[PDB]
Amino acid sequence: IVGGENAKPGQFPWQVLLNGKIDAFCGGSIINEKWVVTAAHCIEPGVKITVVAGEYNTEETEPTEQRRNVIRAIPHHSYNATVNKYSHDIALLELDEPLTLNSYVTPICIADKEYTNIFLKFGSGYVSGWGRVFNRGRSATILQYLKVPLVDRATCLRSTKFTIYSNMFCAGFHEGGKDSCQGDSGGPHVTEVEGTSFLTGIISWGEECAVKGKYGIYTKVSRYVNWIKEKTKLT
């Protein structure tokens, strides 16, 4: 995460790191011990992916790590029909063997339609991940995090080429200099209300990273939330 600060161990326990063809390729958020969740545009024909749970410094080997291999990988009933493939940038990876839940492996909270938006509209969220440290160049070995103020629809439209529909929302810095990035893709965007952090975004795309004038943009989980609620019901 460019413009972030180092995260600290044990403090981000929903931060799956999605491992496949390239190693460090997408982040993910433990929707719970048996399923983790991620942007749909990390689902490649051919790759076979591996959630790295309790990870801290990639250049080294932590006792909290719990890899699984994705036993199957749903994306939403409306990902892309060959059309605009970053809209409902969302998806669930069923892990094969259930993760042992602990203080380094802990699911983030998925608050219903009406409330996830409310948390989302408190206007600053903790974005995290191992992605690029600088704009094209250097990836974060030891988990990076960053706070992001919500940046309004009207303005963020004003920084685009592309179509920013409603299943996404924009956020980052007006004065360019810090954002998520490629390699952060799929990582979390959560807001904490008084301890309990809730997920309100999948970190998605962005006309480049942390580029003064252009922002990075995120998925609007408000929408898919119920869907998430449905399909992970261990009960």
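Quick note: we count residues from 1 along the sequence shown, nothing fancier.
Taking the mean C-alpha B-factor of each stretch as recorded, 151-159 and 110-118 are not equal, and the higher mean is that of 151-159. As listed in the deposited structure, the average C-alpha B-factor of 180-188 and of 197-205 is greater for 180-188. The PDB entry assigns its highest CA temperature factor, among 36, 47, 40, 26, to 47.
The entry assigns its greatest Cα B factor, within the set 31, 171, 51, 210, to 210.
Residue-level temperature factors show residue 104 in the lowest third of its chain, judged at the C-alpha atom.
Per the deposited record, the Cα B-factor of residue 139 falls in the highest third when ranked against the other modelled residues of its chain.
In the PDB entry, residue 129 places in the middle third of its chain by CA B-factor.
The PDB entry assigns residue 214 a C-alpha temperature factor belonging to the highest third of its chain's modelled residues. When the CA B factors of the chain's modelled residues are split into thirds, the value for residue 166 lands in the middle one.
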